[PDB]
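Visitor: here is the input, now give the coordinates:
(4 chains, ligands or ions: 1)
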Amino acid sequence: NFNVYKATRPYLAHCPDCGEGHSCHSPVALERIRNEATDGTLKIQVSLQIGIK
Amino acid sequence: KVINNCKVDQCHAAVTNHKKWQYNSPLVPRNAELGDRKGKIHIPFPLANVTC
Amino acid sequence: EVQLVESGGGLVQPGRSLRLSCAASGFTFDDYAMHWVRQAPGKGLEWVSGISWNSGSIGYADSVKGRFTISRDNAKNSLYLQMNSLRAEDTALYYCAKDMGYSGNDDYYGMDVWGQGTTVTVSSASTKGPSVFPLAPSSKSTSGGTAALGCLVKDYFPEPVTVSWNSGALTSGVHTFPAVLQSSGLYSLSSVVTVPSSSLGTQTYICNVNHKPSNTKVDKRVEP
Amino acid sequence: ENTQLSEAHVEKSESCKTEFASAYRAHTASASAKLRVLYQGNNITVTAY
Ligand SMILES: *[C@@H]1O[C@H](CO[C@@H]2O[C@@H](C)[C@@H](O)[C@@H](O)[C@@H]2O)[C@@H](O[C@H]2O[C@H](CO)[C@@H](O)[C@H](O)[C@H]2NC(C)=O)[C@H](O)[C@H]1NC(C)=O
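Guide: Residues are numbered from 1 along each chain as shown, chains lettered A, B, ... in the order given. There you are, the coordinates:
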């Protein structure tokens, strides 16, 4: 469940390309991309917190 | 708080009082040799054996 | 499970050395710096010395800078303090405490784990036993004000004197005081109990003085 | 006098519990076989080392 996130917060982090071809600090910066699965599914870790208000 | 003597281009300020904790990302500076107010979040979506 | 256990202490003469040590348990000794802190009676906490991880840096309080030496044995998970040329001013409870890191140069941390401090007393005196005297109630003038009777324990050297009344039977209306160090180097304390004045001629009250260090027990009868 | 302390380490991935290769040492082998025999005109199955 999401009870573990009650004491957590969103954070900002540096992003090498904010879509303009220039770098900036961004709320949607990626932390890691994991591809252990062989069926081609990707698992992406981001600074955003989804499903939590 | 009005300093009353110096110029805005001379001084630095930051927010220090925080109530919620965040992931200790490699893109965020550590505030101490060892991080404080430690908590843990489990990672969802484990790997499993299936047939394609 | 995390704790520090103090060992050593006791009575030492001025000019003599004394060795203190602490055993670490429940945590990794090699992950933290260690400090010694002492607290004299009636005083707040005073930092004495500290040792960084792998003895990278050694610090001492100015008052002991040339007299105390600190070291640690990682293999034995133990901390040591060597105190030389001890003075009367060094009398205090000595505690071991664990830091929150390996370096003492981090100012974001405090001391999170403390042990049970030992007692170090520095004095040129023998373990003289107490003299006990009765303090008779002024029943002639206080009879309408309720009677107060007590006893005095005086001229003993060792700290830990225990005083009780009627072999512990009397617990209500009982007031005891902290011992006060005299210029003689000896301690004294008083004890008083408050009772109905009408009971003075019917109930006998005994002051029970127990001095463990001298294997001495004194039962003193207090009367008008 | 502004300094930064950087550290990193390598550990086995959690996925190693499922996706891995095993290095084995082979020694000897034991043969066995499933034999069909038309004994007395009937088909019987014989299993043995
Ligand atoms: C005893 O065995 C005969 C051979 O059995 C066939 O081959 C085996 C390896 C196995 O796969 C079995 O299931 C097969 O039936 C068998 O007679 C049969 O032989 C031919 C092949 O040579 C087969 O195609 C055909 O169905 C059968 N012909 C017959 C009945 O003559 C059958 O199992 C049995 N025959 C006897 C002697 O009862």
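Visitor: enumerate the positions of stretch C:209-216 that are buried.
Guide: C:209, C:211 (16 or more other Cβ atoms under 10 Å in any protein chain shown). The C-beta positions use only the backbone N, C-alpha and C, and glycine is treated the same way.
Visitor: export that stretch as CSV, just CAs?
Guide: Output of stretch C:209-216 as CSV, limited to C-alpha atoms (Å, rounded to 0.1, in the frame of the first residue of the first chain):
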residue,chain,number,x,y,z
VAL,C,209,22.9,4.4,59.9
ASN,C,210,24.3,1.9,57.4
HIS,C,211,27.9,2.4,56.3
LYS,C,212,28.9,-0.4,53.8
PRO,C,213,32.6,0.6,53.2
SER,C,214,33.3,0.2,56.9
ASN,C,215,31.0,-2.8,57.6
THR,C,216,29.4,-0.6,60.3
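Visitor: how far does that stretch sit from the chain's center?
Guide: Relative to its chain's centre, stretch C:209-216 lies at 16 Å (Cα atoms, centre = their mean, to the nearest Å).
Visitor: so what's the residue positioned nearest the centre of chain D up against?
Guide: Chain D has residue D:22 as the residue nearest its centroid, 6.9 Å off, counting by Cα atoms, centre = their mean. Contacts for residue D:22 (Cβ atoms under 8 Å, 6 or more residues apart in numbering or on different chains) come out as none.
Visitor: and residue C:168, backbone torsions?
Guide: Dihedral angles phi and psi of residue C:168 (degrees, to the nearest 10) take the values phi 90, psi -10.
Visitor: and if you look at residue C:213?
Guide: Given degrees, to the nearest 10, the pair of backbone angles that residue C:213 has is phi -60, psi -20.
Visitor: quick one: contacts for it?
Guide: Contacts of residue C:213 by Cβ under 8 Å, 6+ apart are C:127, C:158, C:160.
Visitor: what's the distance between the first one and chain B?
Guide: In this view, residue C:127 and chain B are 47 Å apart by Cβ to the nearest Cβ, to the nearest Å.
Visitor: how many other residues sit next to that residue?
Guide: 11 (other Cβ atoms under 10 Å in any protein chain shown).
Visitor: related to what we said a few turns ago, export the contacts of residue C:213 as a markdown table, with columns for secondary structure and distance to residue A:6.
Guide: Below are the contacts of residue C:213 laid out as a markdown table (DSSP: H, G, I helix; E, B strand; the rest coil; distance: Cβ to Cβ, whole Å):
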| residue | secondary structure | distance to residue A:6 |
| --- | --- | --- |
| C:127 | coil | 60 |
| C:158 | coil | 56 |
| C:160 | coil | 51 |
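Visitor: is residue 36 in a helix, a strand, or coil?
Guide: By default, I'm working from chain A. When classified by DSSP: H, G, I helix; E, B strand; the rest coil, residue A:36 comes out as coil.
Visitor: pretty sure it contacts residue D:20?
Guide: No. Taking contacts as Cβ atoms under 8 Å, residue A:36 lies outside contact range of residue D:20: 11.0 Å.
Visitor: residues touching the closest residue to chain A within chain C, list them.
Guide: The nearest approach of chain C to chain A comes at residue C:108, 19.7 Å away (Cβ to the nearest Cβ). Listed by Cβ under 8 Å, 6+ apart, the contact set of residue C:108 reads B:31, B:32, B:33, B:36.
Visitor: among those residues, which are in reach of chain D?
Guide: residue B:33 (Cβ under 8 Å from any Cβ of the partner chain).
Visitor: what's the closest of the contacts of residue C:108 to residue D:28?
Guide: Checking those against residue D:28 by Cβ to Cβ gives residue B:33 as the nearest, at 56.3 Å.
Visitor: next, count neighbours for the closest one.
Guide: Around residue B:33 there are 14 residues (other Cβ under 10 Å).
Visitor: swap in residue C:123?
Guide: With other Cβ under 10 Å as criterion, residue C:123 counts 16.
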